[PDB]
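Asker: Numbering (the numbering used here), first residue to last: 29 to 154. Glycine included, every Cβ here is placed at the ideal spot set by N, Cα and C.
Shown next, in the form of structure tokens:
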């Protein structure tokens, strides 16, 4: 996985709150989805730091997130519906939460995002 063990707090939260109810990949995705859906104070502004060019280039884009994607999407990865403030401001796309950096959100929203970024660095468990 990755040695990103910043402190055991997040390992504990993952195992005993985020995915405690899970068993297999679909249920682990639902565990993450339900925790984030309950925690994130969407709609909020964020930067979509789109991973690009197959070189980990970051094509940043400034967006307003509207909410998490449907559970049918959230079975496959964590995703959010977003409106491109710098390209539409009147239409909506979908982005990976893994490629989003929220702006001026609450601590609990930032916490869920940070917690997910450790799981991203880990190379996942679903």
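Counting along the chain, where does the alpha helix (DSSP H) carrying residue 43 start and finish?
Answerer: Element bounds for residue 43: n/a, residue is neither H nor E.
Asker: Thinking residue 123 and residue 63 are a contact (beta carbons under 8 Å), I'd like their distance in whole angstroms, please.
Answerer: 19 Å between Cβ atoms; not a contact.
Asker: Is the beta carbon of residue 126 less than 8 Å from the beta carbon of residue 105?
Answerer: yes
Asker: Of all the options 54, 58, 61, 132, which has the alpha carbon lying nearest to the alpha carbon of residue 74?
Answerer: 132
Asker: Answer yes or no: do residue 103 and residue 70 have a C-beta to C-beta separation smaller than 8 Å?
Answerer: no
Asker: Select from 43, 36, 30, 55 the residue whose C-alpha is nearest the C-alpha of residue 154.
Answerer: 55
Asker: Please list the segments of the beta strand (DSSP E) lying wholly inside the stretch 87-143, counting only runs of 3 or more residues, in order along the chain.
Answerer: Here the runs fully enclosed are 107-112, 121-124, 128-131.
Asker: Taking the beta carbon of residue 114 as the centre, do at least 16 other beta carbons fall within 10 Å, making it buried, or is it exposed?
Answerer: Classification of residue 114: exposed, given that the 10 Å Cβ count is below 16.
Asker: Per DSSP, which one or two residues make a beta bridge with residue 31?
Answerer: BP columns for residue 31 are empty, so no partner.
Asker: Please state whether DSSP places residue 53 in a helix, a strand or coil.
Answerer: helix
Asker: Using the three-state DSSP reduction, which class does residue 85 fall into: helix, strand or coil?
Answerer: strand
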